[PDB]
Amino acid sequence: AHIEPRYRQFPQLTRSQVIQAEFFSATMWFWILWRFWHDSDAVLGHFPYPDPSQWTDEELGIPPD
Amino acid sequence: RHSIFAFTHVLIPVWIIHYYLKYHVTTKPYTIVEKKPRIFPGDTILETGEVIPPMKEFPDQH
Amino acid sequence: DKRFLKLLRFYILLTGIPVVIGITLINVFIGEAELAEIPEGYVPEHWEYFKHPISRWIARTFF
Amino acid sequence: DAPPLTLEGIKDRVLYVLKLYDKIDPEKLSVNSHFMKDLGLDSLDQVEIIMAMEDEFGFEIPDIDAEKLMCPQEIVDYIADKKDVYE
Amino acid sequence: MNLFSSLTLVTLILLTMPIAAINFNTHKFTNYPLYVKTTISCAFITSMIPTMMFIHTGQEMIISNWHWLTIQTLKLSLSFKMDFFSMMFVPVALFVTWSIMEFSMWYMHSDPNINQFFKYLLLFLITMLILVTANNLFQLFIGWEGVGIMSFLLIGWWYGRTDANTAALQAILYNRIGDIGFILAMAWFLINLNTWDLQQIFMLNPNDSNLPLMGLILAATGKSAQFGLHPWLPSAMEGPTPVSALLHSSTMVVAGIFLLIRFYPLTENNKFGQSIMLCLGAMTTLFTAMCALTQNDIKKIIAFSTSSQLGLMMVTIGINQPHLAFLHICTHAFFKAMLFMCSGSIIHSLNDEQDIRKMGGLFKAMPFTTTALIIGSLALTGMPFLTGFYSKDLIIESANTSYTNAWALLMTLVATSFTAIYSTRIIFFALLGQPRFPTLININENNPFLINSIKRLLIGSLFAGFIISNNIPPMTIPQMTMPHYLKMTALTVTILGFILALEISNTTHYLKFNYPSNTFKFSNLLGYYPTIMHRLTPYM
Amino acid sequence: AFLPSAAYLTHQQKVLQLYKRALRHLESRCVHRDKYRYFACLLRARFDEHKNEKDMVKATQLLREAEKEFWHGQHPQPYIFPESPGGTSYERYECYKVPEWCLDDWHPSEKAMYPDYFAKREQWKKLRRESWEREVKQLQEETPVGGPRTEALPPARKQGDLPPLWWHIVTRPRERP
Amino acid sequence: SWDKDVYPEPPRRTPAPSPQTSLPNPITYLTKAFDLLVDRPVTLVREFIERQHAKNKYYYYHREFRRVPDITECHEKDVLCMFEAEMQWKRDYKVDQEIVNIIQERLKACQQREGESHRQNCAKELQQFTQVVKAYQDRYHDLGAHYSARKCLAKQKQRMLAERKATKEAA
Amino acid sequence: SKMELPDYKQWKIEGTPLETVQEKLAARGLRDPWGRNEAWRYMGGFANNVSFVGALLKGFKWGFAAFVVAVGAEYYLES
Amino acid sequence: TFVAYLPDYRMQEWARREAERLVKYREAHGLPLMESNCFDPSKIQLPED
Amino acid sequence: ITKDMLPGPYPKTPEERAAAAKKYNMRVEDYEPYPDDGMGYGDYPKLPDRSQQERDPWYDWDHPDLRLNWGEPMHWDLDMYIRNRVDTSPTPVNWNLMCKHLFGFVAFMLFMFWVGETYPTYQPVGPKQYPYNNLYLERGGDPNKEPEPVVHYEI
Amino acid sequence: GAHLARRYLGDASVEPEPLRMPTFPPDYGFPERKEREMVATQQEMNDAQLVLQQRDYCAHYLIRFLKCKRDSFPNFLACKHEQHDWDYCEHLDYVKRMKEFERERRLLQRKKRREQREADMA
Amino acid sequence: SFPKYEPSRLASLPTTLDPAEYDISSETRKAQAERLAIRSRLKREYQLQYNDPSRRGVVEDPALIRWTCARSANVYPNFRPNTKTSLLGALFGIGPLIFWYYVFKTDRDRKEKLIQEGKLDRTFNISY
């Protein structure tokens, strides 16, 4: 049976549309947290950015005068 | 006669278009020109059999 | 409008389908020619310089 | 989509809205309860009733027809005139 | 070679076959939309084999099959280019088109001109695949004017309406003003490089290409609705919702961007053209994403959304990162077609309601549409590890960590904030809160056409960004070293957009009425540009 | 100003049209329905403060500055109902509103596809072509000199007359053809 | 078949298939399916057509224009000789147009065939293209829509007077 | 064809923000005439709707549950 | 059908096939593919100066 | 149809003006023509130059898309003031002030892009160093000649 | 991003301008500094058809990653080791460029101290 | 107090702000009733031809026919040379001709001076 038109009230819900919406919402959060567990680096950062002030004058070749 | 859609829309057009491309297009120069396949060190050529020598051993960073 | 379109398809296909079938049979059974070098002494006809048979017939009959 | 309307449905929905109005009682209200002579209403109340009809059935009644619907049955007849019910 | 070129041409000839089917009809059809939909399904399934054998071998070719015309030095052949751009965009566009037409079998069921509608929409698909496979500028002009004229015929679909006809004439006006620059580009290439073929243009490698690149920027300004030539994309929503959904989200409006992406070996040797593209893209993505925030018609908002994303594409071409821009095309297609299909299901279930101020209560009432609309809005914002992440986050990271205009980069980030603002504006005023629609509820979404058509783009908007960004071979060096405040620039600006727009949403429930300032009056009248230039310039 | 039957708007009609436009632009500004309802009763008190104004100079002046209050306090994009002028569906289906006279030019084989419809239609055409001269002689005896004043058409009076000029008012195409 | 000496194509070198992963690719199964379902019946039909060709074999010829005297040895305002000179010049102009088109086909095919290393590995095709465009610009450019052997001769003579003046002023 | 209406008496505004509006109109001496015409939007199934931070987290529960089960299966799978 | 099978309309197919013959001839013989002079400079007299 | 319902030359006497206002089917006091300057209007009335979009849409018009009647003296630019064309409808913000807002915003943004190009931003790194004389043969250098040694060392 | 405020609000002479740098000689301050080594042969990366922006000093990791992705199809998640090797070596090249910029900056600090000593001594 | 709306030509004045709408004087009543009279006469005379079944054709509009005759036929007898017509015909008849003439003449003289000095890049221009 199709959705009966209703008046000033909440419409009829099929079981299938609600379980599909919940399944794809849970699949979205499964994918987000799944890649967040496997990658964890495309968001936060990959490689440690060095501090240019903490480099010594020996490795940068700065003879003192 | 259940899936004659594919038979009359792919399998007969694949026949016509492959007959066209095989005996009138490739028979003419530079109609189908192909980017040559990407060659890596250590590969084996199917045409000659000349094996490309590999890379130098790496100054290992890790 | 449907009568015009039905008659349009009919009076085009009425000689379209026999000409398409005739061209197909020429291409299968008579067929495209092959380029040969001109023999010594042999002066060809003007219609013999063309590759397709229908082009040869047009050059031989009318042109 | 777009469910077909009847005169009975338009009548019942207009009277259902007019029974949800606080300056109209739901027991004196009939199909010809004239809004000025009977129900003790302002013309401002008439304008609010026609605007509730527009918010109800989802189409704008123009002012030259809004200012003249003086009973619920004229409203039923005008929505039947502009929606072509009982085709 | 034998299989690749075969299936390449079979997809195009297969798509041309239902045009012959509708032109050679006598009867009334046994669901000719099912015929066109099944044609597009099998064309997608056919075209995925050249995609797979390009991912494996890296195989590309040119099909210059049919000699057409030879003007003394210019052998114009029917020349197809099966490169990375064609190999990635043809199955994406076929998939999005297949979703839109299974949407249209439901949404346009009340139409007795359904066969004419599907005929026009398949003609648009054919002209777009002429556009994206063109190896010379004459065939690309064919596909370009084809998408322009089918834009005319589908904007002016309900043709008795004056607004549709006006929007269609407006759309043709802006597209032909872009065509001025496109013809300027073709004229420069014929007079200076003696070719329309792309191969000889890339081989000769011109240096003083300021004039043809200004022509191509004018062409992309006409086609991709950049600033100056934008207002046809707001007006273009007066066509059907599947017309806007297919064309003016994912398929038509990317063609100027796709034109500039096609000529990246010309943009990579000109700092002037890239500065113009960066300035124009940042100007567009500020202006359109600002004008998106203060609209109430949902199709106006999603049109300004896709124009802001096209301005972002123009930015990330102007920073000389073209393959990320093409990834942003192939990313933006899925979720923006899905957001138009969700907005159109809200339109249909509420009996032609396109306004957000008469929505609400559709979280529970339309659960699958609300779910997919939140997913599309999060993919639009740049949620981590959706499809929008793998393009837009890398676009922000490569725009920060490169030689860039500073003010253009700041405008790109302000646009990144405004995206989250209108995304949660759509989510709030459309799905959340309480209902504001009239009292006769005809909320229904139980058709397998609608459910499957949103479902396939939903699988796409989840997985396809990951799948594409790990199946394509790399083309530049990705910048993957940057500090914590600069790697996390995009997500910080996105979350600030979320929180500030939530505070704007909480200010909608307070019982105080404030008089509107000039900011809202400026942005709500679209930045006054359809007000001045449409009343003054036709008068002149 | 410009109306078919009346030649003007009265002061009371201007006040009602201003009240209606003020509530609609308020509902535009005040999106949520409880907030609209609160400011709606506030605006109702604002209009009913001066309900009993017998000075027509004072009433028209309050109307004038109320118009100026509306003109400063309006929204640029009100909510337009879609089938209303300015909407997203106004005059959309005029591409399907084919008039009735095009049925007269059909081929008789596809009139023979609906036999009962055209047999039923010819008696409508018969009733129109007999009622036409009766309603012309109804109009020419009731209309005063120098042309009619209003555009209000008269009704039918006899038991056998149909109202004058009734064809394109009844035989108009539907809103969903 | 065309001549590879006028349309140069290098020896192709394809890599040998190296399946490292345990999953099979779809491309070998689809290549077997193509090579059985499509490549063989089309070849059968083509062999039938080829047999019907070979049952009646006949030939066409490339037309050979023997060289008539050109415009430099034709009298002024003598149409019977400069007619043949003009027809000779127009055939040579049309053939030179197609020569420039052949070198453009070489250039575009080289650019596609080399791919990303096109700027390094097509210097000879680009060099031949620049030379043939230089010769065609020196030979036929700017003659106008009423081009003839007289216009071409006058352009050549003005070019030779410029060359002679530039050489003589360098001594 | 005959559509059955709901009751006009069951839609009462008490407990809804229309009643809060009635209180804030009685605070300065007014009265609301159109409350029960709007009170269905705040009752029935449409009442107690979610906010934005939960409408994001739709599917977070079973998504995180199946995530935990899949992490456990892949960590017991490598051993 | 008639326009489709014109017998080499304005000899363009002949011209391409002749261009193939000429480039095949003068790629083997070490000749340039096209002279910059349409006619032999030995058979052109310049105006003296 | 005949001559006296087709427009003629310029009316100069008041009775010719009265006959012309009877011709265009409007009041004589409403009748105002274009001035006799030779630009080619004749006795055609100078209508108040309003767009057709301004009119009452809800009226039972004769011409529904044009918002126009039978016998009503049409505007000279009636084709120009169709609803598919130029509109004269009132806007909230004034025309002068909208032009000032749009031009000020355009000039402001273009000035800021110009200054940002004048003061470009970058990242604190060196140049991207390439081997083989900064890729000499790959960028199109000739093999017979030989470039300068572009050599980069270890840091 | 503080260096933009050091070059635009402070001075420009002690900040090395990116468009023409290094301006100091590379042997100035480095006794016996060795050259950079290219692992991938020019003929190899010509056969590999790498992009001209991709043909830097560490093209060999990218050649191995592309060979992996060709050889692991249809698995597109079997080449993270090669991708991480290539991205870490690009990280090292980016750090070397940072060290070149910081070398130029500290040598401009050295020249600033030199000229201040000359202005304060003679 | 409030921003007074400034009317423009391309954005006119509203009725509800125009001061002539609140005129209740008797001559305004007479004008509105006479305009009602002529409008009702035209409406009635139109719908007497619009609803007649014996008519099968075009209800001719002498307003529309009069307009199309004014746009095309009545131009020439009322065209008189004065200051305004002669000056606007001089500026808008041959003015942009002179502008584009000196633009294209200057551009072609510059390009010709470049070409016969051999300064212009014309390396692959062979299609003209």
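When the chains are written out, they are named A, B, C, D, E, F, G, H, I, J, K and L in that same order, and each has its own residue count from 1.
Criterion: a residue touches a chain if its C-beta (ideal position, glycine included) is under 8 Å from a C-beta of that chain, and two chains touch if they have at least 3 such contacts.
Peer 1: Strictly by the touch rule at the top, which chains does subunit G share as contacts with subunit J?
Peer 2: E, K, L
Peer 1: Along the shortest chain of touching chains, how many steps lie between subunit B and subunit I?
Peer 2: Minimum step count, subunit B to subunit I: 2.
Peer 1: I'd like the most central chain, judged by C-alpha centroids against the all-protein C-alpha centroid.
Peer 2: Of all chains shown, the one whose C-alpha centroid lies nearest the global centroid is E.
Peer 1: Consider the two chain pairs D-H and C-G; indicate the one with the greater count of contacting C-beta pairs.
Peer 2: C-G
Peer 1: Could you work out how far the Cα centre of subunit F sits from that of subunit K, in whole Å?
Peer 2: 76
Peer 1: So, what's the distance in Å between the C-alpha centres of subunit D and subunit A?
Peer 2: 52
Peer 1: How many angstrom between the C-alpha centroids of subunit L and subunit C?
Peer 2: Averaging C-alpha atoms per chain gives centres 58 Å apart.
Peer 1: Cα centroid separation between subunit D and subunit E, in whole Å?
Peer 2: Roughly 46 Å, centre to centre.
Peer 1: Would you please write down the residue numbers of subunit F that are in contact with two or more other chains?
Peer 2: Where subunit F meets two or more other chains at a single residue, that happens at 1, 3-4, 33, 38, 44, 72, 76, 91, 151.
Peer 1: Going through subunit C residue by residue, note those that touch at least 2 other chains and give them in order.
Peer 2: Within subunit C, the residues that touch at least two other chains are 49-51, 56.
Peer 1: Which residues of subunit K are in contact with two or more other chains?
Peer 2: Each of 1, 4, 18, 30, 33, 46, 49, 51-53, 56, 66, 70, 73-74, 87-88, 91, 94-95, 98-99, 101-103 in subunit K touches at least two other chains.
Peer 1: Enumerate the contact residues on subunit A facing subunit H in the complex.
Peer 2: 5, 7-10, 22, 24-30, 32-34, 37
Peer 1: For subunit L, which residues are in contact with subunit F within the complex?
Peer 2: 1-3, 5, 14-17, 21-22, 29, 32-33, 35-41, 43-44, 47-48, 50-53
Peer 1: With touch defined as at the start, can you tell me which subunit J residues reach subunit F in the complex?
Peer 2: Going by the criterion above, the answer is residues 55-60, 64-65, 92.
Peer 1: Would you pull the subunit J residues touching subunit G in the complex into a rising list?
Peer 2: Residue list for subunit J touching subunit G: 137-140, 142.
Peer 1: Okay, in this complex, where on subunit J does subunit E touch?
Peer 2: Counting only subunit J, the residues touching subunit E are 65, 83-88, 91-93, 95, 98-99, 101-102, 105, 109-110, 112-113, 115-117, 119-123, 140.
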